[PDB]
Amino acid sequence: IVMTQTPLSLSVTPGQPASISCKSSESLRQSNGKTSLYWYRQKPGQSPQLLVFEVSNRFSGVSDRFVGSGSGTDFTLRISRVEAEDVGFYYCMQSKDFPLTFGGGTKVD
Amino acid sequence: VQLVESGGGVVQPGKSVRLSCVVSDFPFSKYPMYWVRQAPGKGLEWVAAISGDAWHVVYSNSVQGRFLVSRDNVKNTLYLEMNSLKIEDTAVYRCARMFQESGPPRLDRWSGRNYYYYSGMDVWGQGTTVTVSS
Amino acid sequence: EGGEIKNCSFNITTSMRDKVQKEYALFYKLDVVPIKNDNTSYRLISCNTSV
Amino acid sequence: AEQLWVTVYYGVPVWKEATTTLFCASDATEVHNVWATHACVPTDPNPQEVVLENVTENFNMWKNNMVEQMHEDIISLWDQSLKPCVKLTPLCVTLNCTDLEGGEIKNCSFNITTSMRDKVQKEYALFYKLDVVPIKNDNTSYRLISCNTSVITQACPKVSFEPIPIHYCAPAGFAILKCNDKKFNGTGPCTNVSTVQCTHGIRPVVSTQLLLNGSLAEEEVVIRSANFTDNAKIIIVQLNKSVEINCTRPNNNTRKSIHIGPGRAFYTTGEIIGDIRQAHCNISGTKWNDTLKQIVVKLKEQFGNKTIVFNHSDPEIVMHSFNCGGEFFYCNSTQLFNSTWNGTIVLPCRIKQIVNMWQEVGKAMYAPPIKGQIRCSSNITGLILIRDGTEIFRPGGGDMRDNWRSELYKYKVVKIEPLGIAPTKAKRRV
Amino acid sequence: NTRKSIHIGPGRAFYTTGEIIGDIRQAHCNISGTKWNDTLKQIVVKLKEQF
Amino acid sequence: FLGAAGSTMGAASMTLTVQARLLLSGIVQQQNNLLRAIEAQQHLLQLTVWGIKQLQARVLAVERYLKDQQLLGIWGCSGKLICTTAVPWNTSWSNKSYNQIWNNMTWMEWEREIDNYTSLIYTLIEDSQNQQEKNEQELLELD
Amino acid sequence: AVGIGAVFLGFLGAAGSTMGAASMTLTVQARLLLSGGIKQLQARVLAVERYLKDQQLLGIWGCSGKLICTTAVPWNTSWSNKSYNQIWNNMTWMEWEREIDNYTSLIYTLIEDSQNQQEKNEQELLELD
Amino acid sequence: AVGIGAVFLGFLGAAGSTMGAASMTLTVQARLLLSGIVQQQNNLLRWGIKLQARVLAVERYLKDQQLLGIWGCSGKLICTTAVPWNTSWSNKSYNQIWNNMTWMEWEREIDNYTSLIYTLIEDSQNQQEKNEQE
Ligand SMILES: *[C@@H]1O[C@H](CO[C@@H]2O[C@@H](C)[C@@H](O)[C@@H](O)[C@@H]2O)[C@@H](O[C@@H]2O[C@H](CO)[C@@H](O[C@@H]3O[C@H](CO[C@H]4O[C@H](CO[C@@H]5O[C@H](CO)[C@@H](O[C@@H]6O[C@H](CO)[C@H](O)[C@H](O)[C@H]6O)[C@H](O)[C@H]5NC(C)=O)[C@@H](O)[C@H](O)[C@@H]4O[C@@H]4O[C@H](CO)[C@@H](O[C@@H]5O[C@H](CO)[C@H](O)[C@H](O)[C@H]5O)[C@H](O)[C@H]4NC(C)=O)[C@@H](O)[C@H](O[C@H]4O[C@H](CO)[C@@H](O)[C@H](O)[C@@H]4O)[C@@H]3O)[C@H](O)[C@H]2NC(C)=O)[C@H](O)[C@H]1NC(C)=O
Ligand SMILES: *[C@@H]1O[C@H](CO[C@@H]2O[C@@H](C)[C@@H](O)[C@@H](O)[C@@H]2O)[C@@H](O[C@@H]2O[C@H](CO)[C@@H](O[C@@H]3O[C@H](CO[C@H]4O[C@H](CO)[C@@H](O)[C@H](O)[C@@H]4O)[C@@H](O)[C@H](O[C@H]4O[C@H](CO)[C@@H](O[C@@H]5O[C@H](CO)[C@@H](O)[C@H](O)[C@H]5NC(C)=O)[C@H](O)[C@@H]4O[C@@H]4O[C@H](CO)[C@@H](O[C@@H]5O[C@H](CO)[C@H](O)[C@H](O)[C@H]5O)[C@H](O)[C@H]4NC(C)=O)[C@@H]3O)[C@H](O)[C@H]2NC(C)=O)[C@H](O)[C@H]1NC(C)=O
Ligand SMILES: *[C@@H]1O[C@H](CO[C@@H]2O[C@@H](C)[C@@H](O)[C@@H](O)[C@@H]2O)[C@@H](O[C@@H]2O[C@H](CO)[C@@H](O[C@@H]3O[C@H](CO[C@H]4O[C@H](CO[C@@H]5O[C@H](CO)[C@@H](O[C@@H]6O[C@H](CO)[C@H](O)[C@H](O)[C@H]6O)[C@H](O)[C@H]5NC(C)=O)[C@@H](O)[C@H](O)[C@@H]4O)[C@@H](O)[C@H](O[C@H]4O[C@H](CO)[C@@H](O)[C@H](O)[C@@H]4O)[C@@H]3O)[C@H](O)[C@H]2NC(C)=O)[C@H](O)[C@H]1NC(C)=O
Ligand SMILES: *[C@@H]1O[C@H](CO)[C@@H](O[C@@H]2O[C@H](CO)[C@@H](O)[C@H](O)[C@H]2NC(C)=O)[C@H](O)[C@H]1NC(C)=O
Ligand SMILES: *[C@@H]1O[C@H](CO)[C@@H](O[C@@H]2O[C@H](CO)[C@@H](O)[C@H](O)[C@H]2NC(C)=O)[C@H](O)[C@H]1NC(C)=O
Ligand SMILES: *[C@@H]1O[C@H](CO)[C@@H](O[C@@H]2O[C@H](CO)[C@@H](O)[C@H](O)[C@H]2NC(C)=O)[C@H](O)[C@H]1NC(C)=O
Ligand SMILES: *[C@@H]1O[C@H](CO)[C@@H](O[C@@H]2O[C@H](CO)[C@@H](O)[C@H](O)[C@H]2NC(C)=O)[C@H](O)[C@H]1NC(C)=O
Ligand SMILES: *[C@@H]1O[C@H](CO)[C@@H](O[C@@H]2O[C@H](CO)[C@@H](O)[C@H](O)[C@H]2NC(C)=O)[C@H](O)[C@H]1NC(C)=O
Ligand SMILES: *[C@@H]1O[C@H](CO[C@@H]2O[C@H](CO)[C@@H](O)[C@H](O)[C@H]2NC(C)=O)[C@@H](O)[C@H](O)[C@H]1NC(C)=O
Ligand SMILES: *[C@@H]1O[C@H](CO[C@@H]2O[C@@H](C)[C@@H](O)[C@@H](O)[C@@H]2O)[C@@H](O)[C@H](O)[C@H]1NC(C)=O
Ligand SMILES: *[C@@H]1O[C@H](CO[C@@H]2O[C@@H](C)[C@@H](O)[C@@H](O)[C@@H]2O)[C@@H](O)[C@H](O)[C@H]1NC(C)=O
Ligand SMILES: *[C@@H]1O[C@H](CO)[C@@H](O)[C@H](O)[C@H]1NC(C)=O
Ligand SMILES: *[C@@H]1O[C@H](CO)[C@@H](O)[C@H](O)[C@H]1NC(C)=O
Ligand SMILES: *[C@@H]1O[C@H](CO)[C@@H](O)[C@H](O)[C@H]1NC(C)=O
Ligand SMILES: *[C@@H]1O[C@H](CO)[C@@H](O)[C@H](O)[C@H]1NC(C)=O
Ligand SMILES: *[C@@H]1O[C@H](CO)[C@@H](O)[C@H](O)[C@H]1NC(C)=O
Ligand SMILES: *[C@@H]1O[C@H](CO)[C@@H](O)[C@H](O)[C@H]1NC(C)=O
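Set out below in structure tokens:
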């Protein structure tokens, strides 16, 4: 399947909310009752770290201002009051079936 | 926990090496693993996956048939062997654990066929790097 | 063109059941009939079928 | 070592959690009651209750499917018994009303009734201020309240309205678990979980701001809710020491009939006999005062400072509401919400004959008048309260689903799956 | 086309299409006519081989 | 009939001599009196909301009884209560030792231990024994 | 994100195979025969009412609870001109139940009243000693 | 189409036979209790009542198979016991009835005692023989 995203560059400063959406060609809803889309972040020069696993739940060591939602095709990750250390990339990763692909990784300065 | 690799470096085309990812503390036979490939300046490419009981193996189409993966649940190791190397395989390899736990295979009643569930990743090893050149 | 040209008006007293009242609507073609013995008076095409 | 072999045991004591469909069990006749519905399986006075030994089982009193199941069913029972009766569509006409406290009951004179086509019939009628609305275009001239709201449908007069206890029995192979902790929060685990096959009596009483005929919490006064420091989750006050109330309709109220349906007669107030005396209630002033202090002590174990204040809570939703002998009372309960904690109480009551639904949209039932004088007494055992966030407590709104959460708060439904395997040393000789 | 408020049956609000914004363009389908022209010559490839 | 749900598996086999506490006997003493024909002394008087639900209640009383007899019927264990098989236990299913399963364990916890593996055991009884023995029995009648 | 090939057998998987290969396969067609807006309920009774009939006929024949069993009713060569090893090695079942379709009623009467009725009056009177 | 006379004693056929004679038609009565011949030839083209009669017939059937299961006698048609007779039920001796009387009359001699027989067969034949298993 194909799954890209937008916008590639968001060169910002801290103090404002924004959002990053990832757009799906094949719709995602597995028969377990959940939509296997995994949002996470790398830093430059680093192996990445999990932001949220599901579009609903979060991970340990995560600020509360990291909210995500979406339909089976629309998918959206929203960052309220975008923090100063939000540099690097943001990959949208799906887990429908194989080969499971990624997005390009939205750069945020 | 601790998650690194070994055996990285630089080789020629047509060669063959095998890496070695080693886990630390979690029960290794319980979980499946993966392989991912970040090209320098590009996004990420999925490579491979093994079941928890080392029975199910799914490869990417581009590296189909060339590579090799395996497990050793006693020694808590993780191998990525590779064959027929090309220059565009030069990137960063990373060893990575599934986020969730996985169960045993399922065996749907209506057709005698098992099922290994596969979900994504949380713990990326910092990983070695293989370069293919002259 | 022949289409939405005609909006209409008629007296009706549905649920109050006391006094009729004229109205305004929006009506296409393919559902009205210019009736006989009257100048520009319309009626819905499927009255005297079932409901 | 011994090569272990598989052994199938039938009758293992296991279960899970499940959903199901239930069925009544009435403990008792012409079958013309809306709730009782004597086309129903008769009970068994066997004591069937089985106690357990070692059980720790979480319950819930809000996410339990047994109470959402009634609210999709008791509106179905109450609307099957409403469909075949007469509609009241020609009644929504222009009225002409006059009065003979002030003028409450209204001598109204509408003047058509289409039993035929050519000859419409003038008509005498007697109405209430809780049923008629004014019109703005002429002199005094009225109309019913819910013409443009929904189809006003008369209930047939040969029906019944009494609550009769409805034992929910699970179907066979299922079971109902029941806890027996006196101090149960409503949502925690339990220790003595007994097993029955079919629950206890549930009176299907409909009322608002109180509960009537209820049940009894034992040994003390229990208060339950989910999210205490949220204002949203309504607290529920169950009681011991069943507080008695009398309520009455001190009138005679002869009824006439009006033939509007060709074979279907409309019933209205013919003429009252005697003296126009307002319906009211009586409450023992001593027991009520003693009861509220017992609540505040348990309130001060969850709001233990900023002391408890009672204040009273649109004619419908603010008033206290209940039924009395097939007759619906709206009672001003302002007096019972006056105090804070640092003879015979008379409450006035009003009478409306156009009730509404639970969702209160799409249907409007009209009560028929009842000859004679109506007496009913009942044990007040249940109180609905809401916080606001010193602490002030209002009674609350009208979410009728919350009634049975005070009556299913010990019950969950399981699935006995008595087949299972275990390994042992013994092999079947082939 | 917009919302509207037409007279009420017995608890039954009936609707008849509210106003246009003020300028009328007639509805139309809009097909990429090259592929359609490409299509029907591809059909007589397989329409043919029985006679 | 759930009287030993807190007891242990090595001890619940003691009280299981009563017919799983007369398990199925509670059904026949029910359906003798579920089939009180007052339902036929009325023809329900109508079709009511309860009789819709009773109809959906008796079906589950029919079906889920059959799914437990059929599986006992296919396993060469029809109508018994404690029967042994020919299937060897695989230690990959549970690496618990002997006494911990029996002497030191409940039942419902043991369900969640092998609720994953349960379906594999179902096929590995039939196609391993009860499909298999019938052919080998029929060979022993060929002579 | 799953998938492996076949392990044991499939549903109706032997229905193009021979009898000697389908005879070791009967359980998969035996399990799933029962489990699987009123018109679901009208299906959920016909699926029961067909299961009891096939269960009942095995009960009368002294052959309840077994998947296979034998009787003492003699096969009549008038019913089949097929040779023995052609049946157990060449013919499928779906073909086979078009060939003995007509004789089926004669068979079922000649099991009960022939033998398993007669194997009870003989059985009950082997007492007194 | 023609048809010769019956040589296999059809439905209810031996109702006039003696009790030692009507036992040869026990199989025919049992088979056709359930659903009879199948009516309703798939004509579902156009209720509620229909299916209550269909559901009761199964419950009549499953009453008896469970009751023969408790009586240790599932599958059979004729089975013995360890219960001696009590002549206070009916002291009528062996050939007074057996080669002399049909089944409708034998039921009209034992109908008052029916439920009394059922507890004794339950207890002293299988609740008894449960205490012989060991
Ligand atoms: C297998 O299986 C089989 C069986 O199965 C079958 O098949 C199937 C498929 C199905 O079908 C089923 O169902 C079936 O069942 C088996 O086999 C078998 O076996 C048996 C043995 O037992 C047999 O039996 C036998 O039979 C016979 C017959 O009978 C009939 O007939 C008679 C008479 O006879 C006849 O006579 C005549 C005169 O003479 C003749 O003619 C002649 O012929 C010649 C030649 O043949 C020439 O042609 C000259 O010319 C001339 O004349 C003829 O032929 C003959 N026939 C014969 C056949 O033979 C009599 O008697 C008798 O009875 C009978 O009869 C009949 O009857 C009936 C009644 O009953 C009838 O019917 C009726 O009809 C009417 C009208 O009409 C109405 O419809 C009514 O309703 C009805 O009912 C008819 O008609 C008649 N018919 C006549 C014809 O008559 C017999 O006979 C025999 O007997 C003999 O023998 C014995 C021995 O033991 C002795 O004892 C005696 O005595 C005598 O002698 C026998 O019984 C069968 O048949 C068979 N079957 C077959 C073959 O099929 C097998 O076995 C198996 N296998 C194993 C292994 O097991
Ligand atoms: C039967 O099968 C089912 C599945 O199949 C089902 O049935 C079939 C029939 C089919 O129908 C199928 O479709 C069905 O689904 C099996 O069910 C599975 O059970 C397992 C449990 O055995 C579940 O795994 C858990 O899942 C959670 C998340 O799941 C949630 O959501 C699901 C669904 O949404 C829910 O069901 C579930 O209940 C949860 O709510 C997962 O997070 C868990 O992993 C954490 O916990 C364990 C326990 O600690 C950790 O393991 C430890 O790891 C350390 C580290 O190495 C070791 O030292 C320990 O030895 C080891 N073990 C133990 C016992 O401790 C695990 O690593 C992870 O731990 C967390 O790790 C992160 C990252 O390190 C860490 O975060 C860190 O935090 C710090 C501080 O904040 C820093 O910030 C770091 O940077 C940061 O990274 C975190 O703190 C760690 N937390 C803890 C407590 O350690 C757990 O695995 C599984 O979800 C469930 N379902 C499925 C589909 O698989 C069932 O098991 C089968 N039955 C049997 C008998 O096998
Ligand atoms: C109790 O249960 C056990 C587990 O049950 C399992 O789970 C249940 C939930 C249920 O799903 C069960 O169905 C399931 O089985 C039972 O254990 C099973 O037993 C069977 C035996 O019948 C086993 O079957 C064997 O499978 C082997 C593996 O087949 C896979 O691999 C083949 C290729 O093998 C691969 O080769 C490469 C070579 O490079 C290896 O890579 C190397 O790995 C090294 C170590 O990591 C190192 O890293 C190197 O760098 C690397 O190169 C790779 O590791 C290796 N794969 C594995 C898994 O090792 C594929 O061709 C094949 O398609 C499949 O993908 C077979 O080798 C084996 O055949 C051999 O053995 C036969 C008998 O021993 C012999 O006759 C043959 O001639 C042949 O030599 C079997 O087919 C099955 O794997 C077991 N399950 C598990 C999970 O392991 C157990 O049986 C049961 N108890 C009882 C009493 O029955
Ligand atoms: C409503 O009823 C009143 C009472 O009869 C009607 O008022 C009467 O009208 C007649 C006609 O002129 C007078 O002779 C009476 O004196 C009036 N009585 C009163 C009390 O006003 C009235 O017409 C009726 N209709 C409406 C629409 O009000
Ligand atoms: C029922 O409620 C009454 C009223 O509160 C309880 O009686 C009082 O309980 C409190 C708290 O234990 C004591 O301080 C009082 O002394 C009790 N008596 C009086 C006269 O107020 C009673 O305990 C509750 N339970 C039962 C079983 O009656
Ligand atoms: C009970 O309700 C209160 C709300 O009055 C909850 O308290 C806050 O809830 C919001 C909702 O997300 C949180 O953002 C705050 O952090 C909570 N505040 C505190 C101090 O916890 C409270 O969480 C609710 N408790 C339960 C068990 O539902
Ligand atoms: C409410 O009405 C009941 C009548 O049902 C009253 O109960 C009577 O009370 C007197 C005491 O004044 C007793 O002597 C009678 O035996 C009671 N009779 C019955 C039938 O209960 C009750 O007093 C009234 N008032 C209150 C506050 O409950
Ligand atoms: C489908 O039919 C083929 C033959 O048409 C079957 O293949 C045979 O399988 C047996 C079993 O090992 C072999 O001995 C034969 O040699 C096979 N035939 C050939 C021509 O090679 C096949 O088994 C059938 N399918 C099933 C499920 O039984
Ligand atoms: C758990 O509950 C049981 C219930 O025992 C019943 O208690 C009521 C109290 O009024 C009494 O009337 C009954 O006779 C009792 N017996 C039966 C069979 O219903 C208690 O016995 C346990 O002690 C309770 N467990 C705990 C820990 O309190
Ligand atoms: C309904 O009645 C129609 C007759 O109505 C009159 O004739 C037509 C020509 C118009 O002028 C109309 O406005 C008039 O009122 C029939 O034409 C028609 O077939 C009838 N429809 C039925 C019977 O379904
Ligand atoms: C079993 O009972 C245990 C108490 O005794 C323990 O049993 C053995 C097996 C050892 O673990 C030892 O520590 C003790 O003597 C409980 O601790 C345990 O939770 C119980 N349940 C099990 C093992 O499933
Ligand atoms: C209809 O009205 C128009 C204008 O009002 C007029 O010209 C025409 O003659 C009329 N037709 C009739 C009365 O048939
Ligand atoms: C119409 O009647 C009402 C009722 O008394 C009165 O108040 C009002 O003044 C009357 N209207 C006129 C115009 O007198
Ligand atoms: C009731 O008690 C349990 C602990 O026994 C607690 O977890 C639960 O939150 C309590 N209920 C409420 C509503 O607080
Ligand atoms: C009020 O709060 C104080 C502070 O802990 C506490 O000691 C006191 O008991 C509270 N009052 C009541 C009535 O509980
Ligand atoms: C229909 O609209 C989409 C959206 O731009 C376009 O890609 C497609 O070519 C259009 N098809 C036509 C005009 O036939
Ligand atoms: C059965 O026999 C016993 C003697 O064993 C006798 O006491 C009893 O009365 C008999 N039963 C009846 C119903 O008479």
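Sequence lines, in order, name chains G, P, Z, Y, R, D, C and V.
FYI, the numbering for the first sequence is 2 to 27, 27A to 27E, 28 to 105, going by the entry's author numbering.
Heads up, the second sequence is in the entry's author numbering, so the first residue is 2 and it goes up one at a time.
Heads up, the third sequence is in the entry's author numbering, so the first residue is 150 and it goes up one at a time.
FYI, the numbering for the fourth sequence is 31 to 58, 63 to 134, 150 to 309, 312 to 322, 322A, 323A, 324 to 354, 356 to 364, 368 to 396, 412 to 458, 465 to 505, going by the entry's author numbering.
FYI, the numbering for the fifth sequence is 302 to 309, 312 to 322, 322A, 323 to 353, going by the entry's author numbering.
Heads up, the sixth sequence is in the entry's author numbering, so the first residue is 522 and it goes up one at a time.
FYI, the numbering for the seventh sequence is 512 to 547, 572 to 664, going by the entry's author numbering.
FYI, the numbering for the eighth sequence is 512 to 557, 571 to 574, 576 to 659, going by the entry's author numbering.
Even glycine gets a Cβ: it sits at the ideal position worked out from N, Cα and C.
Cross-chain neighbours of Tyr638 (chain D) in chain P, by beta carbon under 7 Å:
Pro105
Taking only beta-carbon positions, decide if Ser164 (chain Z) is within less than 7 Å of chain R.
yes
Any heavy atom of ligand 12 within a distance shorter than 6 Å of the CB on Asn188 (chain Z)?
yes
Would you be able to state if there are at least three C-beta pairs under 8 Å between the region 537–552 of chain V and the region 515–524 of chain V?
In short, these stretches touch, since the Cβ pair count reaches three.
At a CB-CB cut-off below 9 Å, which residues of chain Z make contact with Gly312 (chain R)?
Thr163 and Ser164
Can you find a CB in chain Y that lies within less than 7 Å of the CB of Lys655 (chain D)?
Not a single CB atom of chain Y sits nearer than 7 Å to the CB of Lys655 (chain D).
Drop a sphere of 10 angstroms on the beta-carbon of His308 (chain Y), count the other beta-carbons inside from all chains shown, and report buried for 16 or more, exposed for fewer.
With fewer than 16 Cβ atoms within 10 Å of its Cβ, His308 (chain Y) is classed as exposed.
beta-carbon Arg72 (chain P) near ligand 3 non-hydrogen atom, thresh 6 Å
yes
If you draw a straight line from the alpha carbon of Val18 (chain P) to that of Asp105 (chain G), how long is it in whole angstroms?
Looking at the two C-alpha atoms, the distance is approximately 38 Å.
Specify, as a first and last residue, the run of the alpha helix (DSSP H) that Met530 (chain D) falls within.
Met530 to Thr536
Just how far apart, CA to CA, sit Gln103 (chain Y) and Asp325 (chain Y)?
46 Å
Cα-Cα, which of V:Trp631, V:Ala578, V:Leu555 and V:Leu641 is closest to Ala561 (chain D)?
It is V:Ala578.
Alpha carbon of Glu211 (chain Y) to alpha carbon of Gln203 (chain Y), nearest angstrom
Near 18 Å, if we compare the C-alpha coordinates of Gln203 (chain Y) and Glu211 (chain Y).
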